[PDB]
Each structure stands twice: as structure tokens, then as C-alpha cells.
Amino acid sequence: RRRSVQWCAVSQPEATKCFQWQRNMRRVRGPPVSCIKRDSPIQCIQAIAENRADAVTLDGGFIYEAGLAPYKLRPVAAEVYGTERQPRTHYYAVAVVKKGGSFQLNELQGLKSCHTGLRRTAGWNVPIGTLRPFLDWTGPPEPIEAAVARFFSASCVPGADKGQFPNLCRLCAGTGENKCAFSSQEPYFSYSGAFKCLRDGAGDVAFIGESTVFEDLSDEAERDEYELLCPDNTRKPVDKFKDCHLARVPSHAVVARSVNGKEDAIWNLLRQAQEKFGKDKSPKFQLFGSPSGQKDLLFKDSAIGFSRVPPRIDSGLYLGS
């Protein structure tokens, strides 16, 4: 039906969560949500621009992508992180390494790297931009990936072209054709996957978000075996990310068509869904939770709510501050 917000999933597990979201909203007589299934942010971005879906949550890198032509989607609601007592609409891109090593951020040449994915904020845009000075990139037409592939001995950059940049997919753990996939079929995909790539010892550094280590390692003693590479070339505890990060970046956000995008219905849905199924709100459904073996389905597991984006704020403006 027309009045229902059509959400776009990028995997089957997300589709399954969306359908559960749909029946739960229906049970509590809240705003209706329907589900559309795709395989990547790009297919969801396109599907929305083509009125086949209405909304999707994207990392900063794809919020950028979605704002260009022929899509022109804009962020309508940002994820909120931190705590209810201290909420924030931004997180931190950090460089996590194993304690015991002596190399600093300016000494990564020849080492192995783990990234959340190609063109993702913390996993790529931020770290690569930060390391530019150390690369020997000759600018266009040479794709930046080529320079990165010459810098790190090997890496796992989900979504990178295994054909042109084999080095960038070498450390990835996906089976057969799924090796280096920009999806959960690749064990080292996204935040937790990139961190696992470090935990397993495949890589020497993981470019992820500051909350990853805390979500994945409950034991304080285990987390103490990791530290962060600070921009001033020093190492510090994973809990000191505020004084040791590569960048502070805007939170992932739900995007929608800039014209006739059902913005008000989308916000009504998010506000009520947050209230009914947000953190510690319901035993039957968790808008911000994912089943065992799954991470950040539809929204980050670390999200605690939403913040509506003021009108006439396009992708460009959202990301630039």
C-alpha cells in the first residue's frame, strides 16, 4: 500500500528483521512498515530513487553516494549513539592494534590492514585520507586503491575489485566467490569483521568505530590487549578514543528521496518504533538488536535512537560537519 513506509534491506537477515519489524508494529497498532530486499547499499539507493522502496540507513560514505545523481537522496534521520544520559549524533573513526607492538600511525608501510569496507567512513574514507601523505598516489586517473595496494603489503577491503587490486582482498576470509564480498558472507566485512581480521591475526591494524571493541569484547582484561594509534604518533587505551582518533564523524543515517520521499511518515515510524522497540523497551522485538552471528541489521546495534535531520539539509551539508 502507498501509505506504508517501504524499508530496504541489503541482505536476507536484514529482510528477516524487517519483516519482524513489520508484524510487531502491526501488533502494537503503530505506523506501518513494509519490506524490500536488495543486496547492497547501491541497489537500495537506486530502488528508492526509483520509488520501489522508501528508506534505508547508510554509513557516511554511502550517504555521500546517495546524494549524487541520478539519485539525489537526502538524510532524514540520524542514528544516536552514546547513552540516553549522554547522546551524540557522531562517532569516532579509530585505528585499533594489538598491544605489544611498537609501530605508530606514521609507520604502517608494508604492514597488513583490515577495513570495514571500500568507501565506508571509518574503514576507508577517513584512514586513507589520513594516510595520503605516506602513499605514492599519483592522483587521477590512477585509482586510489592502487596506491593503497602498494602501501600495505596485504589487506581486506570488502568490496574492492579483486581483479585490479588483489592485494586489497588477500586477507579477506570469504569462501570462494564470497571472498572480499561487501556483505556478511565475508567474515571480515564491516566493523566487527574488520576487528575479527585483527583479532585472528590476519591484519596488524583495523580501521573501525570506537564502539566495536566494547561490543565485541565483554572482558575488560581482553580489551586491555588492544590499543589505539593516535594521530600524534602515540598509542593509547581503547577507552581514550576521544583523545585518540583519526576523525569524529556524523552518524549513519536513514536517507529518502528528496522529492515525494514520505519524510513525515518515515519519521513517524522511527519515532514510534524507537519508543516501542528501542533499547530495553520490549522483550518481543529490538529495533537496535541483531540475532547471534549477525551485526547491525537495518541499524547499528550501538544506536539508541534517532534525531530528525532539519529540512533542506542535503547529503553534502549533513556530512560536512
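Quick note: we count residues from 1 along the sequence shown, nothing fancier.
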Of 242-250 and 213-221, the one with larger mean CA B-factor: 213-221
Of 303-311 and 21-29, the stretch whose C-alpha atoms average the higher B-factor in the entry: 303-311
Hey, out of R132, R119, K236, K196, whose CA B-factor is highest in the deposited coordinates? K236
Say you rank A265, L58, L68, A55 by Cα B-factor from the PDB entry; which sits at the top? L68
Once the chain's modelled residues are ordered by C-alpha B factor and cut into thirds, is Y81 in the lowest, middle or highest one? middle
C156: which third of its chain by C-alpha temperature factor? lowest
Grab the CA temperature factor for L229 from the record and place it in the lowest, middle or highest third of its chain. middle
Chain-relative C-alpha B factor for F189 (record values, thirds): the lowest
What third of the chain, by the recorded C-alpha B-factor, contains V255? middle
